[PDB]
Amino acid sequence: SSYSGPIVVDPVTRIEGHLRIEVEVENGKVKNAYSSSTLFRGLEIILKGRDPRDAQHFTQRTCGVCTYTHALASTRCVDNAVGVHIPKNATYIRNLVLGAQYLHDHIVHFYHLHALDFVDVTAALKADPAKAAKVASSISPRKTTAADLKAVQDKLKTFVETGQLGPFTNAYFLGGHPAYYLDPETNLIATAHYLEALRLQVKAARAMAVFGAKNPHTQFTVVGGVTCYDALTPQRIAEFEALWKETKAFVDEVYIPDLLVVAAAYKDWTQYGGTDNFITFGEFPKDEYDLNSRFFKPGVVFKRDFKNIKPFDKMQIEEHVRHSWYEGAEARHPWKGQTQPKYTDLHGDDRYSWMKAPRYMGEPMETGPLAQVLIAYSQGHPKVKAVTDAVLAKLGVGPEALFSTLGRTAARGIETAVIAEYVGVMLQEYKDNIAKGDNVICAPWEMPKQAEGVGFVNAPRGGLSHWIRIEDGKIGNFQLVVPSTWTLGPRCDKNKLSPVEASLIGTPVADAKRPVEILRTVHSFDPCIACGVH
């Protein structure tokens, strides 16, 4: 029954943006892969000549999934270029909004983007809700009853019997699928939590708007700090804190237990989707000018050598275009970046994506939760170690298991749990700082006629950097190098496969018409194509 031949997945759904994945399969296993990003917008071109203060408003529209993150990166970049040191409270407020973004983003990724690769929603109808409730209650301090799950089952039953399956139309699990393993009861628990997560995420996102005006696309940052004097009030802090507390409870009581039950059922997925090299920029600074002041620290790892973490040197980044739809073949450091579109169609002149191919010391680097977690762990981060160790003990696997599709999925949860607790620490520090009588949230600054700046964010998908060259007080060059660009960009001029391409080699494909195994690995990177290409 084993398939040899191509498979194309276009569109890849349950990602942000427009991705085409192409693979070559031989005897039922992926032998070759191409990551093709098929929308270009050209925000870097549009920014040229504009006021540097305007950049964050444009670049935030790089992505509405990882909303805020680009406004924060551009504002850090312009803050850096003009040499302003923002007030402690601006750092706290920016950091808190970012922590809230991570919780929202990862919860929606696991349930609403990733889980339909592993959960058969229609098999939930066959479940025994009483058995299901016992299972749910055994994995979480939250008690679930048979009646609770029967309500979900009854709602789903009515939906399915209507014949209008909506988002479930033509799903790869319909009719059953050999790569779908869960029993009906676990399908029912996951489906109940999927639905619950649709309303919880409203609260998670609202936490960002308490300080940040609105979600999506916050509007509280400025060069020099933040604008939201109301964020100092006890009422707004309490409102934030209540949403955070409810969000964290969902992470701890619903998301992580579900993540572990699914991972235990798919333990074969420790064997696929590994990568060699990792990069991370660190996040949640005490000092805006010192990455090593961040709660997660930057670092670089080659060939899984975590005993030899290398410092991150921002000058070792170059973005390749040889296999991308841009002019020529010359890789550029982003302070010398070029964005010169030139389309050749799929594989025309060996080019197949609108993403550039970032390389660090010439190597392809995974970024995102697995990089942040593994590097933190290896740096001795006590909270990351405690949660990672508990997850591995629960799953009964060794650390080697993390180098996989399952491992990266688990790392996204680990980071969610760690950040959810750390938001409480930042909140307390913020409260303490106000109580000392510091009510300042914005600092004055002056625009230089000529400057260079860079801003670093570790976003939910990894290391984000915005790079500016100011000339005559305007934007002379503005380059974004985004986490999905690293992970899902194409080959470079040394023909090295990018992390997603390389990770797909060896993927089994049970049914080429329904290649859910490809989706499991691709989705585990949490692709953001609007981000990767901009």
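Residue numbers here begin at 1 and follow the sequence given.
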Compare the mean C-alpha B-factor of 251-259 with that of 104-112 as given in the PDB entry, and name the stretch with the higher value.
-> 251-259
For the stretches 121-129 and 333-341, which has the higher mean C-alpha B-factor as given in the deposited record?
-> 121-129
The largest CA temperature factor among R294, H323, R206, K383 is found at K383
Between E185, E366, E241, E400, let me know which has the highest C-alpha B-factor in the entry?
-> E400
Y181, C-alpha B-factor rank within chain (lowest, middle or highest third) | highest
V30's Cα B-factor: lowest, middle or highest third of the chain?
-> highest
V509: CA B-factor among chain residues, third -> highest
Cα B factor band for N495 (lowest, middle or highest third within the chain) = highest
Hey, what third does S404 fall into on Cα B-factor, ranked over its chain?
-> middle
